[PDB]
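Below you'll find the structure, written out as structure tokens, and then a few comments.
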Amino acid sequence: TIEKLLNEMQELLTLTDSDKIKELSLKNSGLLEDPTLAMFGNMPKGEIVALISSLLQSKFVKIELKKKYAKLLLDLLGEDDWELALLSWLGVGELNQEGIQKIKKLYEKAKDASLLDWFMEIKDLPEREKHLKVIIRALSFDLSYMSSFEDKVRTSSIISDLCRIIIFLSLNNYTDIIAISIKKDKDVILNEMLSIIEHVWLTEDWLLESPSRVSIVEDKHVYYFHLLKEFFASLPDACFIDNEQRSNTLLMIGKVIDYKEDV
Ligand SMILES: [Br-]
Ligand SMILES: [Br-]
């Protein structure tokens, strides 16, 4: 219903905390007043979306008018996956068809996958952080509506992994590792860090070929492992899949540093 649609729109609006909406006058926009359509014209979708929301989120506006605008926003966005659309248009600054499709793809994927699989999808995206935060909001919204505990497990599990990537992206300690790499790309190093987290069953054999994957300059292969131990020791607990995952990873790097010292 329209009545519950407004509530879902406001519920989605509280998941995002767009300053765009708060900065907005509303008073002097002229939206008051009442039967409205597309008076906005030339105005970009993202801006009409935020402006409508500014009214929906209003502390003084009557619920009768909020309903009229709610239906209108539902026409602007597509009736299918409008929730995701709303979250996208508010969540992303420069939102283009490449982003809309990607976000939609990532979401349908989540609704049927490791932390690298997720990173590799969002890797080359403008405001990739933002694109990812959209899916997180969407999934956490859906979670409160799921019947199946199996769905609940899958859904919450993805939320953890997506937030994990968000934490990984938010860091800049790899500068010294990026320095010693041939390609000098942050993403190639970042990919490797995620692989070590993915490889819960970390083997001495696998870990030993780590500077070869990231193409670390010759001789500087031991130093790499020293920086790696330093890196994993520095990470927040949220980054690890298990409590013993830190302790085991650091043991392994230490075991490898010790093995290389004789050869
Ligand atoms: Br179940
Ligand atoms: Br699962």
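Observations on the structure shown:
- Listed residue (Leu208, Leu76, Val92) projecting farthest to the positive dipole end of the chain, Cβ model: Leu76
- Dipole of the chain, positive end: most advanced residue of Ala113, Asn191, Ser156 [Cβ charges, Cα centre]: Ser156
- Short-range pairs are left out: with C-alpha atoms under 8 Å and at least six residues apart, the relative contact order of the range 135-197 is 24 percent.
- Reducing the range 192-208 and the range 75-91 to their Cα centroids gives an inter-centroid distance of 39 Å.
- Extension gain (nm, one decimal) between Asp124 and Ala238, 0.36 nm per residue minus Cα-Cα: 38.6 nm
- P(r) tail fraction, the chain - alpha-carbon pairs more than 22 Å apart, %: 63
- Taking Cβ atoms as reference points and 14 Å as the exclusive limit, the residues near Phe240 contribute a net charge of -3, counting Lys and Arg as +1 and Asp and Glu as -1.
- Shown is the FRET efficiency for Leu37 and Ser144, computed with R0 = 35 Å from the Cβ-Cβ distance and rounded to the nearest 0.05: 0.60.
- Convex hull volume per residue in cubic angstrom - Cα atoms of the range 3-82: 98
- Unit charges on C-beta of K, R, D, E only; dipole of the chain, Debye: 980
- Available extension along the chain between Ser247 and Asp117 is 44.3 nm, counting 0.36 nm per residue and deducting the alpha carbon span.
Computed from the coordinates by the stated procedures, all read-outs in this text should not be read as laboratory data. Ideal geometry is used to build each Cβ from the backbone, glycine not excepted, and the neighbour counts take in all protein chains shown.
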